[PDB]
Structures are given as structure tokens and as C-alpha cells.
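Position 1 is the first residue of the sequence, and the numbers go up from there.
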Amino acid sequence: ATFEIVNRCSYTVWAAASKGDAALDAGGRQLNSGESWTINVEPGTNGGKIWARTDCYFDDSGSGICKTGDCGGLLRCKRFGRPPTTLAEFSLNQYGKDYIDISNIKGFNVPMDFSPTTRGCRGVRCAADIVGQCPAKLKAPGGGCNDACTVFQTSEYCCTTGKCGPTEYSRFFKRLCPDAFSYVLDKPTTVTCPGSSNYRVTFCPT
């Protein structure tokens, strides 16, 4: 499957792609304002994620740090990133279909649109100014808007017991971005696409 990652932000971002225990394609790359990077994700990839990283610094070996979404200090991510991270999530070729969504469960750092470039389904988007409107207690000093689980570490926010409800914090993310997951047990906003669809992830779509 092909994923064209486009940075429409006025600032540079370092795209990242991983399935948790391994990188997807190269795993990460720098995207200056306006640049596009097309990656190949193997069919059947389950639990894949694409996200943007901001304010990064990498040496010649590809080692460094990012203020948001840092993945073990690597340019080429092989693991998931450090919150806050707006997440484009997907599982491909699952019994004949693809499943995609955007999630704010791990916070929000950069606005994003995640849409298919092929026929058969709609895209999803979370492009509201979540960082600017972020509740004071969720603001990440390093940048972005943290999710409540990251900040408070409670069973209710992290849904540890598999039993949790919406909260004042989850409702904030849901109000600004109704089409993205605001908490673990949020009413699903997952989109079903034809198996083997291709996609485009656009940072700062508006």
C-alpha cells in the first residue's frame, strides 16, 4: 500500500511511520514546508501509525531528539512516538478490508487529514486549533496538547480497567475534533475502506 505523506504546514516536520515493534518503510524522514514523501506499507499491516514530529535535531548518524513525537531519539522510527502526537492509525487487509482513523488518545501536536487516494470510502480529519485552545492543565511545555492519561495517569483517563467514560478533557478533544478518537472507549470514528486502498496523510490540511 502507498501512503503519500504531505506537509502543508508552514514549518518543518519529521514524519514518522511505525507499527510499534518495527518501522514502516524507512520509518521517518524530514519534510520541509510543502514536501511530499511517499512510503510503502506492506499489505496486512496491523496497528500501523503515522505522525508528525516537531522541533527535531539529528546528527549525521540519525540520532537526536524531537519536542513532540520523539521515537527513542531516532530519525528513522522503529517504535511509536512520545506524546503529544496526533495519530493517523490503520490496519490493512483485515479480512478483505482496510480500517483507518485519526486519534487524539495520545494528545495532539499537528493538524492532520487522513484520506484514501483510491475509491470506496471517505477520509477523516482533525484540523482545529487544538494546541491554541488546549486546556491549561493539558498544555505540554515542550509543545502540543497532552491527553489526560499522559498528564494524570489515572485508571479513568487511561481506561486501564477497560471501563471508563468520557471526561471533561476527552470532551475538549471531541468538541474540537468530532471525527477523531478522544478516549479509549469513544464511539468509533473508524472508516472502513476497500482492502488494499492507498492513502494520503496531509499535515496542516487547512
Side-chain angles (χ1 to χ4, degrees), residues 1-7 9 11-32 35-94 98-117 124 126 140 142-147 149-151 153 158 160 180-181 184 190 193 195-204:
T2 58
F3 284 72
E4 178 177 47
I5 303 172
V6 182
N7 179 23
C9 303
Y11 49 84
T12 299
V13 300
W14 283 260
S18 172
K19 67 183 186 66
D21 64 331
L24 295 182
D25 197 284
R29 209 206 81 175
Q30 183 177 323
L31 291 180
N32 293 321
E35 299 195 320
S36 301
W37 175 42
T38 299
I39 63 169
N40 288 294
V41 176
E42 179 176 53
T45 290
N46 186 65
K49 302 187 194 302
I50 286 169
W51 68 101
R53 294 173 287 172
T54 62
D55 303 307
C56 305
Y57 296 81
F58 294 111
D59 55 40
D60 307 311
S61 68
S63 297
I65 183 175
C66 297
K67 292 197 174 183
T68 68
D70 189 58
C71 62
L74 303 182
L75 167 61
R76 298 179 61 277
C77 295
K78 61 174 59 182
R79 301 289 182 177
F80 292 138
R82 186 172 188 281
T85 56
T86 314
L87 301 168
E89 311 180 307
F90 49 91
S91 289
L92 317 178
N93 312 97
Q94 299 300 300
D98 285 2
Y99 294 94
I100 67 172
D101 73 69
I102 288 179
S103 173
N104 284 316
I105 293 175
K106 290 293 177 178
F108 174 106
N109 65 331
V110 178
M112 153 202 290
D113 174 278
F114 183 15
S115 299
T117 53
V124 291
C126 176
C145 190
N146 292 308
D147 58 282
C149 170
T150 291
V151 179
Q153 297 283 280
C158 305
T160 315
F181 281 83
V184 179
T190 304
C193 287
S196 297
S197 293
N198 291 316
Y199 308 89
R200 176 180 290 116
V201 173
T202 307
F203 298 121
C204 298

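- Across the pair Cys71 and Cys77, the gap between the SG atoms, which is the quantity tested here, stays under 2.5 Å.
- Residues forming a ring pair (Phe, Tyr, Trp, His ring centres under 6.0 Å) with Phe181 (at least two apart in sequence, or on another chain): none.
- With 3.5 Å as the limit, one finds no donor-acceptor pair spanning the side chains of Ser196 and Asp98.
- Within the model, atoms OG1 of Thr68 and CZ of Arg82 stand 10.0 Å from one another, a figure rounded to the nearest 0.5 Å.
- Atom OG of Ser91 is separated from atom OH of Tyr99 by 9.5 Å, given to the nearest 0.5 angstrom.
- Annotation for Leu31 and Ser36: closest pair CD2-C, 4.2 Å, computed over non-hydrogen atoms.
- Closest of all the heavy-atom pairs between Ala52 and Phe203 is CB-CE2, 3.4 Å.
- The number of heavy atoms from other shown groups lying within 6.0 Å of OH (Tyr11) is above 12.
- Contact detail for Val184 and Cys158: the closest heavy-atom pair is CG2-O, 4.0 Å.
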Exercise for the section: Mind running side chain to side chain contact (heavy atoms under 4.5 Å, CB included) on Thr86 and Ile102 for me, showing each step along the way? Expected result: CA-CA 7 Å; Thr86 314; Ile102 288 179; 4.1 Å; yes

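- The aromatic rings of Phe3 and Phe90 are tilted relative to each other, their planes meeting at an angle between 30° and 60°.
- Atom CD of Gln94 is surrounded by more than 12 heavy atoms from other residues, nucleotides or ligands within 6.0 Å.
- No hydrogens or angles considered: a donor-acceptor pair under 3.5 Å links the side chains of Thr2 and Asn198.
- The backbone N or O of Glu35 sits nowhere less than 3.5 Å from a side-chain atom of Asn32 that would complete a donor-acceptor pair.
- Residues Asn93 and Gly195 come closest through the heavy atom pair ND2-C, 4.1 Å.
- Minimum interatomic distance between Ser63 and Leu74 (heavy atoms only, all atoms of both residues): OG-CD2, 4.4 Å.
- Considering all non-hydrogen atoms of both residues, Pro84 and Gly144 come closest at CG-CA, 3.8 Å.
- Residues passing the side chain to side chain contact (heavy atoms under 4.5 Å, CB included) test with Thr202, sequence neighbours excluded: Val6, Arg8, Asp113, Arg200, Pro205.
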Stepwise side chain to side chain contact (heavy atoms under 4.5 Å, CB included) check, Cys66 with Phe58: CA-CA 9 Å; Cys66 297; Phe58 294 111; 3.6 Å; yes

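- Side-chain contact between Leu24 and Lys19: present, with at least one pair of heavy atoms (C-beta onward) separated by less than 4.5 Å.
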Set out, in order, the CA-CA distance, both residues' side-chain angles and the distance that settles side chain to side chain contact (heavy atoms under 4.5 Å, CB included) for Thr54 and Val110, then state yes or no.
CA-CA 8 Å; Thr54 62; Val110 178; 3.7 Å; yes

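- In this structure, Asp101 contributes its side chain and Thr190 its backbone to no donor-acceptor pair below 3.5 Å.
- A distance of 7.0 Å separates CG of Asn7 from OG1 of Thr12, quoted to the nearest 0.5 Å.
- Atom OG1 in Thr38 sits 4.5 Å away from atom CD in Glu4 (nearest 0.5 Å).
- The line from CG of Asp25 to CD1 of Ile39 is 5.5 Å long, rounded to the nearest 0.5 Å.
- Rounding to the nearest 0.5 Å places CG of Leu92 at 8.5 Å from OG of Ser197.
- Checked by atom type and distance alone, the side chain of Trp51 pairs as donor or acceptor with a backbone atom of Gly69 at under 3.5 Å.
- Residue pairs that meet the salt bridge (charged side-chain N to carboxylate O under 4.0 Å, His left out) test with at least one member in residues 46-62, sequence neighbours left out, are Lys49-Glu89.
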